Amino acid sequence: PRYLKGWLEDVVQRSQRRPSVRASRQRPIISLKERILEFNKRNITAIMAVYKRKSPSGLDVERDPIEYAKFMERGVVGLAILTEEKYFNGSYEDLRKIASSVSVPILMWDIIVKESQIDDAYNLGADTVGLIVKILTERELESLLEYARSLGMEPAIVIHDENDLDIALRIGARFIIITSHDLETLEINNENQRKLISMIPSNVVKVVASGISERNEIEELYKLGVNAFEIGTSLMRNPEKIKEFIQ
């Protein structure tokens, strides 16, 4: 990984040490990227709900993971499940239970630094993972992107800024998450969001993550050509908002 400081440096060490999990998957991979393109074609709003009990910015909630996933299943294009353990209070067990219990594609949301975590996502039943340009060197991103593809996954490459986007396009990303989360400060910062969306080429499926809490926000972003929307903290607090997002 890159040289890092702070809570991200802690998580990267934790990820580096994390043992490979005993698990095996119960259905073939379903491409999240392709399901997004199918929603788009059907003129259906494509929401990726996130399951997480805690977040480094302070979310703290208890909700049963299988009940949340089944509630969400009919409304979402897919689910992102936290498996990072310390700051999000997730676990691979949450992903094992969810991916065996619902039919929609699953992204395993974690800080991925090594091939064996991608093997963990595959063996736990996930269809894809995020690879974060701020964590990884360009060489490690190329290597992990190819490794994920070799398992039949198309990973989402996560970007925060223009330097990240230049790397994501150079390595041949076809699936990007644009996040407004500042890893320092841990605040939502949308100042570059519109510019970055406008710089993503036609061959790349784009998803936004930015503390979305209103249908109006999704509406405005869809007009800019965003394909799907990662929504986490608002749905963890009020799951019933899924209707407002997709009605």
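Numbering starts at 1 and runs along the sequence shown.
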Averaged over C-alpha atoms, is the B-factor higher for 78 to 86 or for 158 to 166 in this PDB entry?
158 to 166
Looking at the deposited entry, does 182 to 190 or 40 to 48 carry the larger mean Cα B-factor?
182 to 190
I'd like to know which of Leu151, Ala126, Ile111, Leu136 has the highest C-alpha temperature factor in the PDB entry.
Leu151
If you rank the chain by CA B-factor, which third does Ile171 end up in: lowest, middle or highest?
highest
By the record's CA B-factor, is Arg63 among the lowest, middle or highest third of residues in the chain?
middle
Compare the C-alpha B factor of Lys33 with those of the other modelled residues in its chain, then answer lowest, middle or highest third.
middle
Classify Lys195 as lowest, middle or highest third according to the C-alpha B-factor given in the PDB entry, relative to its own chain.
highest
Going by the recorded CA B-factors, say which third of the chain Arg215 sits in, lowest, middle or highest.
highest
